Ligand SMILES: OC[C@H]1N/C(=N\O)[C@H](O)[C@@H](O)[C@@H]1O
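Starting off, we have a lone chain in the form deposited without the named molecule, written out as structure tokens.
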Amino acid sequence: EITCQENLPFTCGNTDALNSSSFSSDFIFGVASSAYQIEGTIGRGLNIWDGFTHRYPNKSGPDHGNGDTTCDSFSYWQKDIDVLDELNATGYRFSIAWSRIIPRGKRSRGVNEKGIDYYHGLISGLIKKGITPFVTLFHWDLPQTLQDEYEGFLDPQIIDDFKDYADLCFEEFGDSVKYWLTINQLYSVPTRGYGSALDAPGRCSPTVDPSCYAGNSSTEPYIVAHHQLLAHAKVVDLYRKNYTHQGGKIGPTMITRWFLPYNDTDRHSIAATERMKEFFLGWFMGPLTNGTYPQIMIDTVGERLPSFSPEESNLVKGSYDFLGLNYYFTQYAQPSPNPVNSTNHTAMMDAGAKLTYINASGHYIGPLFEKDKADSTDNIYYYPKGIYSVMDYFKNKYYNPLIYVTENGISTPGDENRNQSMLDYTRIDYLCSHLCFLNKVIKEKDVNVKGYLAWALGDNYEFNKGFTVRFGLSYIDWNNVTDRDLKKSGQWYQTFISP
């Protein structure tokens, strides 16, 4: 019987008590990264995140940093590969920058050969080292040209361009890549990119944010989420129909959170937690497992929620071979009003829930996750048992899918110096306690989890944060980005994989 601690101090950092041998022998352990965060702009066209970080530098981070050079993996990808090889990792998830291989967006405008070569070299190098690539087709870095031609995912013309892009990738890399993540965290772009304008492209209602160049926080997230689903379903249908000879699997990446009631005996708090589960997860998981949106969403959102045609509904339903789950933390939910007529209404208010990390009797959900310096009542706290609850939920509610944990990690302040940043014990506690609950759920609930990829390989540009927080397991000196040095967390992870 497996016992896991939910509060500090954790003792699972000991690999005599927990290591890769606690899991099935085929279990994949690795790390993850994304193109915009690690590559640099060298050699590629521009994408909406280059646009956003430049047009609105105070949304790029408090240091106004961006992905211009970041850790320069365009030059030093071979160092990324030596860190993995040093961990004896069997999995690496990275993303192909659409901008690098089709700079002008539409495929008929020509492909960038030098870009295609960059990824062949990378894939060849990983596989030579016995590392399985999980490649994300789209990690938020849409070619700027498509956002300016028709406002990206706001328009249905994105579906065919995305499909021609994906086709180019399966054809070029599919012989070696056997695992494809179509779109990374479905929930993010529509809410942050089109609801609150905290992420690219930064659209939202004028009174939600007056910096926004355009938008409607009330209608656009629903129009964007819809197209993301059709786009995704159309790539999966292209994959399973035209590239089945490649013997790969392809699936979506869902940002998952667990929700607990703020007051676990107030029915209003209980209804708000069930509504969160539906607006956060079901919004995407419902179309993917059933071809339609959740009923609470259809009731609440009404005309602002697009309908799937019977053909579209059939294409989206069951459009995955597995699910990639990104899990970071859990929130307490309590009711909150949905003012549909206010000019500052957003799609996120439609859930009628307010989210916190402290419940009604003042209990904090777990240890600290991310210190907010501007406001401390905004601090984020994590909850190791959340990975247990989310996985058990997905098994029971969504037909026992094959699952890969594609991102799980914790940042530490960039303020810290080199000695302090290399001694990241708070990261060992985060990862070890989630790994202890992940092993327990695989064993007790028989969830079909087949892999785990820690975020991130090394320090890189963090969306909305610049270089002010660090997520890597290996250290990078911003004044000289050549070396990736294993921090304590990286040395711990190494001993975990090979005990």
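Numbers for residues come from their place in the sequence shown, where the first is 1.
Across the two stretches, 368 to 376 and 162 to 170, the PDB entry reports the greater mean Cα temperature factor for 368 to 376. For the pair 220 to 228 and 411 to 419, the record assigns the higher mean C-alpha temperature factor to 411 to 419. Compared with the other modelled residues of the chain, the Cα B-factor recorded for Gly152 ranks in the lowest third.
In the deposited entry, the Cα temperature factor of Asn58 places it in the highest third of its chain's modelled residues. Among the modelled residues of its chain, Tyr213 has a C-alpha B-factor that falls in the middle third, as given in the PDB entry. The entry lists a Cα temperature factor for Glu444 that places it in the highest third of the chain's modelled residues. Remark: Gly65 belongs to the highest third of its chain, ranked by C-alpha B-factor as recorded.
Another form exists, solved in complex with the named molecule; not displayed. Remarks below refer to it.
Using a 4.5 Å cut-off to the named molecule in the deposited bound form, not one of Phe138, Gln228 and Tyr320 places a heavy atom inside that distance.
At the 4.5 Å threshold, heavy atoms of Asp50 stay clear of the named molecule in the deposited bound form, well away from it.
Mapping the unseen interface onto this chain, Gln37 counts among the residues with a heavy atom inside 4.5 Å of the named molecule in the deposited bound form. Using a 4.5 Å cutoff between non-hydrogen atoms, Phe170 does not count as a contact of the named molecule in the deposited bound form.
Contact between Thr145 and the named molecule in the deposited bound form is not found at the 4.5 Å heavy atom cutoff.
Taking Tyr328, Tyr381, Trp77, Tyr118 one by one, only a single residue has any non-hydrogen atom within 4.5 Å of the named molecule in the deposited bound form, and it is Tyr328. Out of the listed residues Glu407, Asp424, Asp350, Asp161, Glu407 is the one that sits within 4.5 Å of the named molecule in the deposited bound form by at least one heavy atom. Stretch 179 to 187 is the answer when you ask which of 119 to 127, 148 to 156, 415 to 423, 179 to 187 has residues with heavy atoms within 4.5 Å of the named molecule in the deposited bound form. Residues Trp455, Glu462, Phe463 are the members of 452 to 466 with a non-hydrogen atom no more than 4.5 angstroms from the named molecule in the deposited bound form.
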